[PDB]
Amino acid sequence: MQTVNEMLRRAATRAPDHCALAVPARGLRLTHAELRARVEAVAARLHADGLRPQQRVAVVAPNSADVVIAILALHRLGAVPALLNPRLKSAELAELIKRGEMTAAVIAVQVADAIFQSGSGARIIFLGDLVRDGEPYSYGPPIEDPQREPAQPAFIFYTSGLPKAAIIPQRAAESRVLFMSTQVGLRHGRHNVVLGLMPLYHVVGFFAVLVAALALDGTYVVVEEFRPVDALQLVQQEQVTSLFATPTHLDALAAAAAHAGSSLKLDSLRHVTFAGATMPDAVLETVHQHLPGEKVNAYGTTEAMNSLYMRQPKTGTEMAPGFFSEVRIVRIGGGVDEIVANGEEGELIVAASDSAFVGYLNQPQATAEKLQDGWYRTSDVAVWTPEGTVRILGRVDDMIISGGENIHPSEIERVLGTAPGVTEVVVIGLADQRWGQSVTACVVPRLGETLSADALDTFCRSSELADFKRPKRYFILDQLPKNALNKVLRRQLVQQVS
């Protein structure tokens, strides 16, 4: 195997004086060799204070050079970084750190208050006391490089109840990085300038962006806060070769580029990658018109990383397996060998090989639901297209079954989202009749505007949707309940309207 530490160490010997970390705002550049020296020093200093290999340390911070040093430092020591979204509720973060029996918590968020008062006896480390603007506080004797095993825990990442802690083994690093090369077409070399738009607590942000950038002897451009015109200036200024970004980032970037034209020089950007299963046709449309570089749509999971992709995509929902990947579509709630007839819908399962998580920390029942007979079960519904591609339909959990028929809310949402006057829409099934579930649309109007059930129904009737998929009922709401992050709490919403 080749671990994160080894990938980064080998890179440092090949390109010691090439720029590793760029923070254009803070006037901060760090070479590969200089990044190593700080990783070594924070490692040693963390060790000199009683942190041992395999001890889980929480990390809760926005993107920055300092948090990159600290995360790599912990891994170099041998500790297992558990990376957590800083948008989470103080209460949630304290609770997650408690369940995880975490030894320490590196924070740069008040949230420190919550952790002491949770019971969890996790040592609160403030990030600014380890490393500040790339320069660390040093002390302690230089430290040994611990022995690392293929199945051994290496990093913990969190999912979608409370977020679950997915354990990423040492051997998963390489293929979690190299798919950026086999699928996306990144290659080794110092031309690589990678814009860090993705948060570091998401596996793409860490393995596919941060680690890939350095492991290929390139440069990682730190972005502490996303602004669409500023990001495009970075593309031009830094000579960005690739960016991996959310559908929401790309909508912003494409529109800013459209209201920029040849004001910004974007030619250096050769790779625009995104997880676009949920990307509407209209955003995809603008991405091709207004942004340069080859576009690659990618499907993946925290649990197994990349499982499908598409070069120069037409719809955002249709993709095919790449290198490392093996996939099947099986009967919903059946065994891993129950393959559907091409054309019938089912659950996407992918083989659980090198890139796979090895279980959810302290949640062995959820693990047993997800890892069966060598497969990882996505909980996503899919269908083989006659053209040999996989069409992602939606989450199994969001699926509505009305009059014995599979209806996917995401399909209805993308239609209703184009209805004039609509700012947000979530489609849900209410426990009911026609039977089983009744398709119901919850719609938020644009600021100042009225909506009516009649007008929306007329709009749906005049759209491509088939009979049974048309909502039977509409609720016009001033907002939708959306947890600590900005994703809808369907269950909670269903509970609100009934």
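The first residue of the shown sequence is 1; numbering continues from there.
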Exercise for review: Enter the number of deposited residues without atomic coordinates between residue 160 and residue 161, binned as none, 1 to 3, 4 to 9, or 10 or more.
Suggested key: 1 to 3
Study note, to complete from the structure: residue 109 to residue 110: deposited residues not modelled, binned count -> 1 to 3
Review point. On average, which has the higher Cα B-factor in the deposited entry, 453-461 or 49-57?
Key: 49-57
Revision key, fill the gap. Per the PDB entry, mean CA B-factor is higher for 407-415 or 261-269, namely for 261-269
Review point. Which one of 341, 204, 382, 186 shows the top CA temperature factor in the record?
Key: 341
Study note, to complete from the structure: Highest CA B factor of 307, 239, 175, 181, as deposited, is found at 239
Exercise for review: Could you tell me which third, lowest, middle or highest, the C-alpha B-factor of residue 444 occupies within its chain?
Suggested key: lowest
**Study point:** Third of the chain, ranked by Cα B-factor, where residue 12 sits
**Key:** middle
Study note, to complete from the structure: residue 394: CA temperature factor from the record, placed by chain third, in the lowest
Review point. Based on the entry's values, in what third of the chain does the Cα temperature factor of residue 374 lie: lowest, middle or highest?
Key: lowest
Point to revise | Chain third (lowest, middle, highest) by recorded CA B-factor, residue given as residue 429 | key: middle
